[PDB]
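Chains as they are written, first to last, in the entry's author numbering: chain g, 12 to 158; chain 0, 79 to 124; chain f, 54 to 298; chain F, 52 to 252; chain h, 1 to 98; chain i, 77 to 119, 138 to 218.
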RNA sequence: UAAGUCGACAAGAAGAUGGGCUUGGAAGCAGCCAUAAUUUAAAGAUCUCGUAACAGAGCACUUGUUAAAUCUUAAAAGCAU
Ligand SMILES: [Mg+2]
Ligand SMILES: [Zn+2]
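Here is the structure:
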């Protein structure tokens, strides 16, 4: 079978490291080949930005990965001006039912949906329903919406 | 095998059967399970 | 208090349970055969979720490049490649053809107050409709002559139906070239302009789809016939040419 | 039964001969039920069986089919034998023409198997004896019943063949009874792709 | 149905022909990854005006090629023959494996 | 003037590209119309209710006829033919095609309660 | 329940999204908080396994094939084991 791995890495931080090394170094594929290859794919993103990746490993250890847009949760928190938690990363609400970390306007959501539509696999869905799916997550992270 | 008076199915693969019933005895109700052999049960003594 | 004889106004006596999705879904196709003049029949062969989204993605992208100069409503989203239930959908054609609401007689109906009110049961899920299709389907050779009999052999196995709100040949060319391209009549999109078409997932999904047939204004149409329809630029222009003569 | 209604497609070469009702006198019983002797001859051999009389066979020699039916579906005795008599005839037809086969896989270090002849224990002239070395201090040898052909393409692979499935699958069960598959190393005798879920350690 | 032993399938039938119903069902039984595994498949759709006899082509990994009529035998009968030859190959592999 | 962010509000942290600037809030009118409608899905003290709530509802209710207290069967259990008519026109086609999607959400909601209920009866 | 019940078999069982928190690690599946949406033939921020954590195999659920013309499922009661 052709296994698939999920890993979150920085923009230009591609090298043997917990997020990278043990994620695929144990399977057998060439790790360093992926690091020097990920830099070419990500050469216009701010240093340190999270970058989800879906690497596919075909039989005979021939790996190929398709870069994916940043996580929506990271965009909402980064767009809601939430307080940076431990480790230098913004955190959501521990109890979304009660706590509130930030408030994002509807216009801000419209821009968050366009950046996410750049993906081909997600470019077919209408933008009318795509803005409601991100508003559906704000309730799970403790972010209210103001018109 | 656990001999009980109230045999019950413990999963989806358990089956109720009446074996050892012949012209000389009435037999017992069994709970046979190919998945887990710990689900084997019987109802009655010899 | 509501009496026993009282029946809800929006729930007349049905031929079978209405809560189930069987009869609830039958009501959907019944109105689809009347609301959609142009309908294409396809056959999906174990298409995966990611493949389905990729197939419907090219449609939304392709159907968005069609012009609307005549000012008609924005018919660019109501076109969906919906998978139907072949079994229940087979009866849909029977009802629309072998049942006529005019052949029903009104009967007294008791409201919540108990007053007798005349009411007519014409819903497709009625016991009268169920009795009409059956007695009509009893004859075999006579049914083959109708439009339904001409489409019964196509409603075998999994079948997907494409619904177009109106008969717009312009939209057909954008859909017939993405689902069942047949060059040079309907060439597929180029690679330098629509790279999403030639993808790992999309390319593996289009090969599983096959245009088995199409239905237009309640008339059977063959595969080669759909090319003649889509081949026409627009319907209004076709009528103007006949006026020059 | 939904299996008894299914006609039995008689392939070319097979010949079914339905006898007539008979009763074998049994001094121990006061009334024996009539039966019908059904002979199923073909290329590989000939099998026989005696079915109850309440089962009726509509042997269609034209289209080469034979449908079974009972005299009363409300009786539990007739419903049961309706499907059972159908399953046996199916194995006979597809056994006298194509034949039944069984494969035994011997797992375990030191397990072997060879087909030889033991005239000192021959139950009939020319009986084959499957020699099995399954770790026992003594040699295990079993004679194939009259009508079965046993062979071993490999030391750890036996291949039984016969027209009677009940006789083939019953002999394979006698061989497997010497080493039943264990859940710790998979050692044993697996019949027709049998498998066992091993343990963790 | 066992499709692992099938190399390629070439079916030619007409949609509006009631005799081709069994051919359409056969195309659906194939798994999704049949194309990725390397199995080649070609489908030819005939016009509705003139209907030609439906043709069903099957080929196994051992060079065997099967051709059956879609009219006489129903879908339940075509699945039968494909399983018989595909089953002996499964047992043949075990005998010569290990 | 219905939005809280005026024209020019800088959207903080939405440009992950290095050679680019954060998005700028565009005019309110230029924004599409659906954004202003996608917010439709957002949903002793007890003694005060019985004294007021229990009395007011009974007044507006006017329990003298059986038409206000009717069952009001949900859409997911009705049998009346949807607004579908042959050769009705594009105006009727889209309208008929909108109810077929409306009943879709009705059945979709029924499965959540059932799927959530079956899971509850297995994890007691 | 021929609008194919029941059973079996074939495929599917998605996406926003590793929900947020916690944790060395928590990705449906240790635990806490939330669980209006979206798109679909259908798909619980998740019912049983599995992983150090991912992956993976099943279920709810969805389509198709086979196939019943007194033959589905459950309850209560009577007599038995
Ligand atoms: Mg979580
Ligand atoms: Zn069990």
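In this text, a Cβ means the ideal position worked out from N, Cα and C, and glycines have one as well.
Environment of residue i [buried if 16+ CB atoms lie within 10 Å]
i                     : result
residue 217 (chain F) : exposed
residue 161 (chain f) : exposed
residue 171 (chain f) : exposed
residue 168 (chain F) : exposed
residue 66 (chain F)  : exposed
residue 276 (chain f) : buried
residue 198 (chain i) : exposed
residue 288 (chain f) : exposed
residue 92 (chain i)  : buried
residue 87 (chain 0)  : exposed
residue 82 (chain f)  : buried
residue 230 (chain f) : buried
residue 96 (chain f)  : buried
residue 127 (chain g) : buried
residue 105 (chain g) : exposed
residue 321 (chain f) : Nothing can be reported for residue 321 (chain f): it is not among the residues displayed for chain f, which extend from 54 to 298.
residue 119 (chain 0) : buried
residue 181 (chain i) : exposed
Residue-level contact to chain F via CB, residue i, 9 Å cutoff
i                    : result
residue 91 (chain h) : yes
residue 96 (chain h) : yes
Cβ of residue i within 9 Å of any chain i Cβ
i                     : result
residue 107 (chain g) : no
residue 85 (chain f)  : yes
residue 86 (chain g)  : yes
residue 214 (chain f) : no
residue 157 (chain g) : yes
residue 92 (chain g)  : yes
Rounded Cβ spacing between residue i and residue j (contact assumed at less than 8 Å)
i                     : j                     : result
residue 201 (chain i) : residue 77 (chain f)  : 7 Å
residue 119 (chain g) : residue 90 (chain g)  : 6 Å
residue 81 (chain i)  : residue 101 (chain i) : 5 Å
residue 64 (chain g)  : residue 20 (chain g)  : 6 Å
residue 56 (chain h)  : residue 67 (chain h)  : 7 Å
residue 267 (chain f) : residue 112 (chain f) : Going by Cβ atoms, the distance from residue 267 (chain f) to residue 112 (chain f) rounds to 16 Å, so no, they are not a contact pair.
residue 283 (chain f) : residue 240 (chain f) : That belief does not hold up - the Cβ atoms of residue 283 (chain f) and residue 240 (chain f) are roughly 12 Å apart, past 8 Å.
residue 155 (chain F) : residue 209 (chain F) : 4 Å
residue 201 (chain F) : residue 181 (chain F) : 5 Å
residue 56 (chain g)  : residue 22 (chain g)  : 4 Å
Interface flag, residue i vs chain g, CB-CB below 9 Å
i                     : result
residue 107 (chain f) : yes
residue 104 (chain i) : yes
residue 209 (chain i) : no
Chain f contact for residue i (CB, 9 Å cutoff)
i                     : result
residue 181 (chain i) : yes
residue 21 (chain h)  : yes
residue 88 (chain h)  : no
residue 212 (chain i) : no
residue 161 (chain i) : yes
residue 7 (chain h)   : no
residue 36 (chain h)  : yes
residue 73 (chain g)  : no
residue 194 (chain i) : yes
residue 48 (chain h)  : yes
Bridge-paired residues (DSSP) for residue i
i                     : result
residue 182 (chain F) : 165 (chain F), 192 (chain F)
residue 152 (chain F) : 212 (chain F)
residue 95 (chain i)  : None, per the DSSP bridge assignment.
residue 55 (chain g)  : DSSP, once it has assigned bridges, lists no residue as partnering residue 55 (chain g).
residue 44 (chain h)  : 12 (chain h)
residue 216 (chain f) : 92 (chain f), 133 (chain f)
residue 88 (chain F)  : 101 (chain F)
residue 69 (chain g)  : 73 (chain g)
residue 110 (chain F) : 117 (chain F)
residue 108 (chain 0) : 95 (chain 0), 120 (chain 0)
Self-check item: beta strand (DSSP E) segments (min. 3 residues) lying fully within the segment 245–275 of chain f
Solution: The qualifying runs are 266–269, 272–274.
Quiz item: Which full runs of the beta strand (DSSP E) of 3+ residues lie inside the segment 187–214 of chain f, going along the chain?
Solution: Those beta strand (DSSP E) runs which fall completely within the segment 187–214 of chain f and span 3+ residues do not exist here.
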